[PDB]
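Going line by line, the protein sequences match chains B and C. Those letters in the first sequence? Residues 347 to 395, per PDB author numbering, in order. Those letters in the second sequence? Residues 939 to 987, per PDB author numbering, in order. Shown next, in structure tokens, is the structure this report addresses.
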Amino acid sequence: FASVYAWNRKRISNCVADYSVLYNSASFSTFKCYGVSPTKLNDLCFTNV
Amino acid sequence: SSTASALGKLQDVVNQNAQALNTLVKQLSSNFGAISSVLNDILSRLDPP
């Protein structure tokens with residue numbers, strides 16, 4: 347990963363990604379989300395991320 | 939038969955009633971300080987707290 351003043355960007359679209367297999371992973375120090383309940387993430391469609 | 943605009947009172951009453959009802963139904967889409975102006979999506983995108 348690059349430095350904070352050169353934080354890396356990437357665009358993501360046209361996928362089929364399941365966040366349940368990603369949410370339950372315990373290898374994360376913190377997984378807190380704003381304005382979106384993680385458990386419902388599987389039932390939404392996004393223009394891009 | 940020839941000259942119109944003689945029945946102003948009834949037309950004004952009808953116009954006032956229609957205007958009141960139309961603005962009442964218009965007021966339904968206002969944000970009112972929330973994040974979205976629809977009940978179903980905001981219920982399907984968040985948790986109760």
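Just so you know, even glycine gets a beta-carbon here, dropped at the ideal spot from N, CA and C.
Closer than 8 Å to chain C by CB, residue i
i       : result
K386(B) : yes
N- and C-terminal bounds of the alpha helix (DSSP H) containing residue i
i       : result
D979(C) : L977 to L981
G946(C) : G946 to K964
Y369(B) : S366 to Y369
Own chain, CB closer than 6 Å to residue i, minus 5 neighbours either side, in chain order
i              : result
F347(B)        : none
residue 988(C) : The displayed coordinates of chain C run from 939 to 987. Any statement about residue 988(C) would go beyond what the structure contains.
Cβ of residue i within 8 Å of any chain B Cβ
i       : result
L981(C) : no
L984(C) : yes
Supposed contact pair residue j and residue i - C-beta distance, whole angstroms, cut 8 Å
i       : j       : result
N388(B) : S359(B) : That belief does not hold up - the Cβ atoms of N388(B) and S359(B) are roughly 18 Å apart, past 8 Å.
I973(C) : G381(B) : 7 Å
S982(C) : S975(C) : The Cβ separation is near 14 Å, so there is no contact.
Cβ-based neighbour list, residue i, same chain, cut-off 8 Å, excluding 5 preceding and 5 following
i       : result
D950(C) : none
Proximity test, Cβ basis, 8 Å: residue i and chain A
i       : result
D979(C) : As a matter of chain content, chain A is missing from the structure shown, whose protein chains are B and C.
Residues near residue i by beta carbon distance below 7 Å, same chain, minus five either side
i       : result
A372(B) : none
Which residues, in order along the stretch 373-385 of chain B, keep a beta-carbon less than 9 Å from a beta-carbon of chain C? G381, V382, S383 and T385
Scan the stretch 953-979 of chain C for residues whose Cβ lies nearer than 8 Å to a Cβ of chain B and list them as they occur along the chain. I973
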